[PDB]
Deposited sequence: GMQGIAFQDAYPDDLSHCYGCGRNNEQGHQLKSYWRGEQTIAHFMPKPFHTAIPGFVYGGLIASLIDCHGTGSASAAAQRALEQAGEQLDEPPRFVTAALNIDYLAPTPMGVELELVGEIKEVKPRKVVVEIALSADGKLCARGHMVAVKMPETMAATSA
């Protein structure tokens, strides 16, 4: 995962079956008061999806080509965020990322890093 592969803002992602997972705790300044900065959420969805992508091809370096995020609901501060990832297609993976506290959904195209 990010420990098997280095100088980014990449969170630990893991396998939970065919799906992947991450957990994150926003520091108090990571605000939007009482709510989580919407750009962090994209930061986390983005590194998880790329990580998820690396795993799937492993079963290799990947980069985001496209990232689409629906913000479904305000994300409360002071709560652990959990990220779930679904592999929809496997040099390029397609991943669906769900972030809960559901607050935000991502559809992500990762390709092999050129």
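Stretches of the deposited sequence lacking C-alpha coordinates, numbered from 1: 1 to 6, 12 to 15, 21 to 30, 53, 81 to 92, 124 to 125, 137 to 139, 153 to 160.
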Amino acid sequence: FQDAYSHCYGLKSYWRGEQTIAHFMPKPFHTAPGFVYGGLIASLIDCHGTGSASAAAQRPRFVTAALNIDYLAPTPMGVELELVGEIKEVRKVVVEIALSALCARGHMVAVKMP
From here on, numbers count along this sequence of modelled residues.
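Mean CA temperature factor is higher for 75 to 83 when stretches 46 to 54 and 75 to 83 are set side by side in the entry. For the pair 23 to 31 and 37 to 45, the record assigns the higher mean C-alpha temperature factor to 23 to 31.
For residue 63, the recorded CA B-factor ranks within the highest third of the chain. Only modelled residues enter the ranking. For residue 110, the recorded CA B-factor ranks within the lowest third of the chain. Only modelled residues enter the ranking.
In the deposited entry, the Cα temperature factor of residue 99 sits in the middle third of values across the chain's modelled residues. For residue 12, the recorded CA temperature factor ranks within the lowest third of the chain's modelled residues.
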